[PDB]
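Colleague: Quick one: this structure, given as structure tokens, is what I'll be asking you about.
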Amino acid sequence: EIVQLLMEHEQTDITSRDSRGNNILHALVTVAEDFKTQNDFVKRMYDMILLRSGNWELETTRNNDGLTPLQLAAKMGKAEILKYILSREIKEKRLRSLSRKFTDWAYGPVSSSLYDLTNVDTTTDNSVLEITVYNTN
Amino acid sequence: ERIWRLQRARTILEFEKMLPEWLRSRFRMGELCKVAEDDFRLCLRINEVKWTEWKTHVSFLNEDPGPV
Amino acid sequence: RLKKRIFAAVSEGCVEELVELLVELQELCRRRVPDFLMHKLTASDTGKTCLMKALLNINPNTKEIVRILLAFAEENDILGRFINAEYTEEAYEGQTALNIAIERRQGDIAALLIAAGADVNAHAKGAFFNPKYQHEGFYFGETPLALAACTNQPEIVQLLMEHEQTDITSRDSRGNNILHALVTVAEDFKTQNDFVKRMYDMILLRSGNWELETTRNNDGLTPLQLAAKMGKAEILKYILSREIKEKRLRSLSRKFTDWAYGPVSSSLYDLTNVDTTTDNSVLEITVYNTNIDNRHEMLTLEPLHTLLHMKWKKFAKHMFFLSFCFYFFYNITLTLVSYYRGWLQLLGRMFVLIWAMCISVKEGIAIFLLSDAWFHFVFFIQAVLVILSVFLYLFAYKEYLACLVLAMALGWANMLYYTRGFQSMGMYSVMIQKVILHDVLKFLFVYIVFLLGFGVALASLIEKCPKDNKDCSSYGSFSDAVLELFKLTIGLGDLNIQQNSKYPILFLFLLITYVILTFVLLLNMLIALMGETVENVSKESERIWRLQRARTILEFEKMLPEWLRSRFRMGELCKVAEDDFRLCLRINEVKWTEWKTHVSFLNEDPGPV
Numbered sequence: 276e277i278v279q280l281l282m283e284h285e286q287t288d289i290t291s292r293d294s295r296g297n298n299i300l301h302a303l304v305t306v307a308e309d310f311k312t313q314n315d316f317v318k319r320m321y322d323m324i325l326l327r328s329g330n331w332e333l334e335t336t337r338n339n340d341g342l343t344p345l346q347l348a349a350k351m352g353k354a355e356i357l358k359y360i361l362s363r364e365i366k367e368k369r370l371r372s373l374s375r376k377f378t379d380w381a382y383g384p385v386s387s388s389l390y391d392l393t394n395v396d397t398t399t400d401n402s403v404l405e406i407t408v409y410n411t412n
Numbered sequence: 689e690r691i692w693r694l695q696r697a698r699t700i701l702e703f704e705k706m707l708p709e710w711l712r713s714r715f716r717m718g719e720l721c722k723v724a725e726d727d728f729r730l731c732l733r734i735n736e737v738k739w740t741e742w743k744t745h746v747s748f749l750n751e752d753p754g755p756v
Numbered sequence: 118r119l120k121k122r123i124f125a126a127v128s129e130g131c132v133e134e135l136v137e138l139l140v141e142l143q144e145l146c147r148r149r154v155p156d157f158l159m160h161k162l163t164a165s166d167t168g169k170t171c172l173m174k175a176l177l178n179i180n181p182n183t184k185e186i187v188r189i190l191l192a193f194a195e196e197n198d199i200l201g202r203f204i205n206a207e208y209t210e211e212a213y214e215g216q217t218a219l220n221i222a223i224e225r226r227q228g229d230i231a232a233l234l235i236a237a238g239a240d241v242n243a244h245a246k247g248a249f250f251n252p253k254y255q256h257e258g259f260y261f262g263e264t265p266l267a268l269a270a271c272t273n274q275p276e277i278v279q280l281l282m283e284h285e286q287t288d289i290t291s292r293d294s295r296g297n298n299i300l301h302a303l304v305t306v307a308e309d310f311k312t313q314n315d316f317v318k319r320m321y322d323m324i325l326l327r328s329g330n331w332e333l334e335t336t337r338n339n340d341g342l343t344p345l346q347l348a349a350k351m352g353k354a355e356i357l358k359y360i361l362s363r364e365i366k367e368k369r370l371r372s373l374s375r376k377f378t379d380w381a382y383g384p385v386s387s388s389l390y391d392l393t394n395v396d397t398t399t400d401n402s403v404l405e406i407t408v409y410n411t412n413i414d415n416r417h418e419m420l421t422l423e424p425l426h427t428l429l430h431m432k433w434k435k436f437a438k439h440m441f442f443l444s445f446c447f448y449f450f451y452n453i454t455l456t457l458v459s460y461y462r480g481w482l483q484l485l486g487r488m489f490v491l492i493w494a495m496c497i498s499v500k501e502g503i504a505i506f507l508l518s519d520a521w522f523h524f525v526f527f528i529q530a531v532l533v534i535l536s537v538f539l540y541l542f543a544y545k546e547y548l549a550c551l552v553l554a555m556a557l558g559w560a561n562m563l564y565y566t567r568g569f570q571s572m573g574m575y576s577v578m579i580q581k582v583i584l585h586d587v588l589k590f591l592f593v594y595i596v597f598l599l600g601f602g603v604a605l606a607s608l609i610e611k612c613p614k615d616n617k618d619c620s621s622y623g624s625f626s627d628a629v630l631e632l633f634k635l636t637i638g639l640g641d642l643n644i645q646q647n648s649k650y651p652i653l654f655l656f657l658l659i660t661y662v663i664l665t666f667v668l669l670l671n672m673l674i675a676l677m678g679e680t681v682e683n684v685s686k687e688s689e690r691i692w693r694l695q696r697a698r699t700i701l702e703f704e705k706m707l708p709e710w711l712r713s714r715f716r717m718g719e720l721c722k723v724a725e726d727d728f729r730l731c732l733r734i735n736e737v738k739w740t741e742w743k744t745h746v747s748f749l750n751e752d753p754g755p756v
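Chains as they are written, first to last, in PDB author numbering: chain A, 276 to 412; chain B, 689 to 756; chain C, 118 to 149, 154 to 462, 480 to 508, 518 to 756.
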């Protein structure tokens with residue numbers, strides 16, 4: 276409710292980066308240590324916030340470490356949140372641009388779940404695949 | 689199994705980084721696909737099945753349902 | 118200009134008024154004849170129509186759009202020529218608006234179409250409709266009814282089977298019918314939550330004939346036989362265990378109950394295609410099936426299990442012990458021969491030759507009809532070596548002893564196959580096979596490469612001059628070095644500070660490393676063994692053992708002629724209502740929990756007589 280209030284307030288700054296360089300979503304990604312401890316409320320908040328901000332600006336940012344919150348999800352052990360971020364399907368035609376998980380082919384129980392490889396394809400200076408696989412701890 | 693697949697992945701990536709860009713460019717598993725609002729991006733097609741939940745698909749990009 | 122506009126108006130489905138004015142414009146441009158407007162509306166690439174595009178692109182407003190389109194096509198009198206249209210593409214071939222509507226799970230629209238003259242018996246013959254590899258394709262049987270069946274849509278099935286124009290017995294391009302398709306689709310109980318059994322039941326209750334299950338596909342198989350060739354289990358329990366209290370449809374139910382005084386009752390079952398009689402049978406098909414790991418649960422059922430037990434208690438045990446006795450005496454005579462190398483010996487040799495020819499030809503026919520079968524090749528190799536020994540015995544050759552002996556030892560090893568009879572010994576032998584297949588081979592391969600490496604190493608170091616004395620040089624010959632290593636692994640090897648060596652320290656170190664590596668390697672075959680065994684030992688042993696038992700039982704049963712078989716038949720004929728005579732196996736079971744009065748029972752007098 277308070278999040279709804281703040282994002283309804285005009286003086287709010289959504290894209291504000293902290294002294295550590297992190298943004299809102301970066302914090303949440305630091306926060307979700309495990310599914311059992313929090314009963315998975317954070318994914319709901321991530322979803323609500325992205326639905327309340329229809330831009331790619333947030334996911335496009337980099338912290339002072341030079342990493343996307345997705346890249347930060349890799350640098351940490353965030354798993355369920357990552358399952359949500361990669362598997363993201365939106366029926367809303369206004370915000371459908373955001374959903375990475377597409378479904379373009381379906382005759383019945385069979386379907387084509389089409390996914391997005393932008394920063395994952397091992398192309399631009401790092402990748403979720405490379406980052407994770409070469410990560411430690 | 690877990691640590692084994694981890695090692696497999698790591699060494700797969702080692703081999704993959706051993707290669708140049710042009711060969712790499714030829715071996716790319718990514719298949720570009722169009723998306724609404726003139727949005728073009730790279731994607732990997734997958735095909736899965738679910739027998740339990742029957743949910744009519746209202747949102748689908750490709751009208752003609754087939755891989756031709 | 119308009120056609121793309123039509124398809125886009127439908128893809129958005131935002132306005133029927135756009136389509137009202139555009140249909141007015143189409144009627145105006147139709148002054149040019155129905156095929157003219159038909160092609161103007163039709164996509165010439167795939168044969169697709171707007172209505173197809175409509176029931177593909179779904180929204181709340183669709184129903185009104187469909188009513189509009191259909192009223193328009195009716196005013197133009199192209200209603201028949203339009204709706205029944207199907208795709209011209211390869212994969213898409215044949216599917217109509219109805220199949221699209223059902224893939225999108227809209228029943229009321231289907232009712233409107235059927236009222237508008239839709240074709241229910243339309244077949245979908247296409248790559249996507251008749252695919253292979255079970256991926257990138259979907260097979261429902263190539264008729265709309267089967268689609269509703271597989272997709273858990275009972276109401277539509279009731280409608281279709283209530284329509285007279287429907288064809289229930291329609292067979293597809295693959296030769297399958299409705300029931301075959303469902304049998305193909307019953308992959309597992311958990312994934313589908315067992316709705317198909319309900320549909321099978323409703324369908325049979327809607328069709329009071331044996332016609333369907335009496336059919337055969339182009340592969341020449343009933344849906345039941347198709348369930349056997351597949352891994353369908355839960356459906357099969359229903360197909361065999363089928364009890365109907367309804368006196369009108371009671372002729373179908375295979376599970377009869379004619380005897381009941383209380384918790385005790387006689388559940389009488391039917392053996393028609395299962396009694397190993399008419400060119401194949403569910404028992405034979407299943408047992409000789411491959412690529413199915415569910416064969417155990419298939420055989421856990423009441424009728425088949427009891428058949429196997431009844432046959433074992435009838436004849437088969439005698440035949441098994443009989444063959445065991447023959448083979449026992451055979452290999453014993455072989456031992457006597459091999460150890461002592480008058481008239482008795484000649485007759486014994488003749489018996490040996492005859493029995494060897496018998497088994498050799500049996501295993502040859504088996505191979506021609508062709518690792519659970521590992522024994523057949525072993526018996527064959529044995530008999531081959533036996534006849535070879537006989538040939539070389541007559542000839543002035545020294546190799547006759549070798550092949551003879553090898554075959555003899557191989558036979559004493561084959562004795563384990565006969566040890567497979569006993570229950571405990573059965574699981575024991577299954578453990579032997581599983582161990583020597585999975586666990587040991589890794590150990591032996593990797594042990595051998597270690598052995599070769601450390602052997603060449605030791606030999607090279609030992610390559611120092613023996614000084615004209617072979618005894619001074621141990622590990623001289625590579626084979627001798629490997630022998631010393633294996634001897635050491637046993638624990639008889641000679642460990643000593645080597646002589647005629649340039650680097651005795653390195654020799655010792657390499658040797659020790661070989662010992663340690665061998666030991667840990669042994670420890671790791673052990674750890675892998677325990678991990679697999681803790682679960683696979685108990686369960687897999689019993690199941691695989693019973694499977695082998697069944698296979699051998701059926702082998703013995705196929706060895707026999709028809710008249711003896713006819714005398715040993717476990718089937719006992721029984722009468723059923725409507726002058727229905729059928730073969731059956733009586734079973735008696737008990738249930739102490741559910742008290743349900745028996746209203747339906749054939750035999751008035753409740754007793755074995």
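Backbone N, C-alpha and C fix where the C-beta goes; we use that ideal spot for every residue, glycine too.
Is the Cβ-Cβ distance between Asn-735(C) and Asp-379(C) less than 7 Å?
Modeller: Result no, Cβ atoms of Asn-735(C) and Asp-379(C) do not sit closer than 7 Å.
Colleague: What residues in the region 215-241 of chain C bring their beta carbon closer than 7 Å to a beta carbon of chain B?
Modeller: Of all residues in the region 215-241 of chain C, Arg-225, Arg-226 have a Cβ within less than 7 Å of some Cβ in chain B.
Colleague: The beta strand (DSSP E) spanning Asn-273(C) covers which residue range?
Modeller: That residue, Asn-273(C), is in no beta strand (DSSP E); it is neither H nor E in DSSP.
Colleague: In chain B, which residues lie with their C-beta within 8 Å of the C-beta of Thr-312(C)?
Modeller: The answer, in chain order, is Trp-739, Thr-740.
Colleague: Please report whether the beta-carbon of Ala-307(C) lies at a distance below 7 Å from any beta-carbon of chain B.
Modeller: No - not a single Cβ of chain B is within 7 Å of the one on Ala-307(C).
Colleague: List the residues of chain C that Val-385(A) touches, going by C-beta distances under 7 Å, in chain order.
Modeller: Near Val-385(A) (Cβ distances below 7 Å), the residues of chain C are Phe-259.
Colleague: Only counting runs of 4 or more residues, tell me where the alpha helix (DSSP H) segments fall wholly within the region 599-666 of chain C, in order along the chain.
Modeller: As far as the region 599-666 of chain C is concerned, its whole alpha helix (DSSP H) runs of at least 4 residues are 625-637.
Colleague: So which residues on chain A does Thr-272(C) lean against when the C-beta distance must stay under 7 Å?
Modeller: Under the 7 Å cutoff, chain A gives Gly-383.
Colleague: Under the assumption that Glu-214(C) contacts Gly-247(C) (Cβ atoms under 8 Å), give the Cβ distance between them as a whole number of angstroms.
Modeller: The Cβ separation is near 4 Å, so the contact holds.
Colleague: Would you call the region 585-597 of chain C and the region 665-678 of chain C touching, i.e. three or more CB-CB distances under 8 Å?
Modeller: A contact exists between the region 585-597 of chain C and the region 665-678 of chain C.
Colleague: Please report how far the alpha carbon of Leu-653(C) lies from the alpha carbon of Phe-590(C), in whole angstroms.
Modeller: So the two alpha carbons sit approximately 26 Å from each other.
Colleague: Are the C-beta of residue 758(B) and some C-beta of chain A separated by less than 7 Å?
Modeller: The shown model of chain B, from 689 to 756, leaves out residue 758(B), and the question about it has no answer.
Colleague: Chain B partners of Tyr-213(C), CB-CB under 9 Å?
Modeller: Simply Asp-752, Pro-753, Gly-754.
Colleague: Is the separation between the beta-carbon of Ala-267(C) and that of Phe-261(C) shorter than 7 Å?
Modeller: The answer is yes: Cβ separation under 7 Å.
Colleague: For the region 734-748 of chain B and the region 304-314 of chain C, state whether three or more C-beta atom pairs, one from each stretch, are separated by less than 8 Å.
Modeller: Segments in contact, yes.
Colleague: If the cut-off is 9 Å on Cβ atoms, which residues from the region 171-201 of chain C count as contacting chain B, listed in chain order?
Modeller: Those residues of the region 171-201 of chain C that come within reach of chain B (Cβ to Cβ, closer than 9 Å) are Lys-174, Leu-177, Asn-178, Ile-179, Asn-180.
Colleague: Look up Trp-739(B) in the DSSP assignment and say whether it is helix, strand or coil.
Modeller: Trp-739(B): coil per DSSP, three-state reduction.
Colleague: Buried or exposed for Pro-275(C), please, with buried defined as at least 16 other CB atoms from any protein chain shown within 10 angstroms of its CB.
Modeller: The residue in question, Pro-275(C), is exposed, as its Cβ has fewer than 16 Cβ neighbours within 10 Å.
Colleague: Is the Cβ-Cβ distance between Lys-366(C) and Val-304(C) less than 7 Å?
Modeller: Contact flag unset, no.
Colleague: For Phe-748(B), decide whether its Cβ has a neighbour in chain A, counting only Cβ atoms nearer than 7 Å.
Modeller: Yes - at least one Cβ of chain A is within 7 Å of the one on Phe-748(B).
Colleague: Which class does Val-723(B) belong to by DSSP, given the choice of helix, strand or coil?
Modeller: Note: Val-723(B) maps to strand in three-state DSSP.
Colleague: Using three-state DSSP, classify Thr-287(A) as helix, strand or coil.
Modeller: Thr-287(A) falls in the coil class under three-state DSSP.
Colleague: Could you tell me how far apart the beta carbons of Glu-719(B) and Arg-729(B) are, in whole angstroms, since I believe they sit closer than 8 Å?
Modeller: Not quite, the Cβ-Cβ distance comes to about 11 Å (not below 8 Å), so this is no contact.
Colleague: State the CB to CB distance for the pair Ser-536(C) and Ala-554(C), rounded to an integer number of angstroms; the pair is presumed to be in contact (CB under 8 Å).
Modeller: Sure, about 7 Å apart at Cβ, within 8 Å.
Colleague: Output the boundary residues of the beta strand (DSSP E) element that contains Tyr-544(C).
Modeller: Taken as a continuous stretch (DSSP letters only), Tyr-544(C) belongs to no beta strand (DSSP E), as it is neither H nor E.
Colleague: Using the three-state DSSP reduction, which class does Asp-322(C) fall into: helix, strand or coil?
Modeller: Residue state, collapsed to three classes: helix.
Colleague: What residue from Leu-632(C), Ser-459(C), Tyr-622(C) has the CA that sits closest to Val-596(C)'s CA?
Modeller: For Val-596(C), the nearest C-alpha among the options comes from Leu-632(C).
Colleague: Under a CB-based cut-off of 7 Å, is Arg-698(B) close to chain A?
Modeller: Cβ-Cβ to chain A under 7 Å: yes for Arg-698(B).
Colleague: Could you check if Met-173(C) is buried or exposed, using at least 16 other CB atoms within 10 Å of its CB as the buried criterion?
Modeller: By the neighbour-count rule (16 or more Cβ atoms within 10 Å), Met-173(C) is buried.
Colleague: Per DSSP, what kind of secondary structure is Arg-375(C) in: helix, strand or coil?
Modeller: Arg-375(C) falls in the coil class under three-state DSSP.
Colleague: Using a Cβ-Cβ cutoff of 9 Å, what residues of the region 334-351 of chain A are near chain B? List them in chain order.
Modeller: Hits within the stretch: zero.
Colleague: Does the pairing of the region 522-540 of chain C with the region 686-704 of chain C give three or more beta-carbon distances under 8 Å?
Modeller: The answer is no - the region 686-704 of chain C does not touch the region 522-540 of chain C, with fewer than three Cβ pairs under 8 Å.
Colleague: Does DSSP classify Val-746(B) as helix, strand or coil?
Modeller: DSSP places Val-746(B) in coil when its eight states are reduced to three.
Colleague: DSSP state of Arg-225(C), grouped into three classes?
Modeller: Looking at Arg-225(C) - three-state DSSP - the assignment turns out to be coil, as it is neither helix nor strand.
Colleague: For the alpha helix (DSSP H) that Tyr-359(C) lies in, which residues bound it at each end?
Modeller: Element bounds for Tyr-359(C): 355-361.
Colleague: Can you find a CB in chain B that lies within less than 7 Å of the CB of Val-395(A)?
Modeller: No, because no Cβ of chain B sits closer than 7 Å to the Cβ of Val-395(A).
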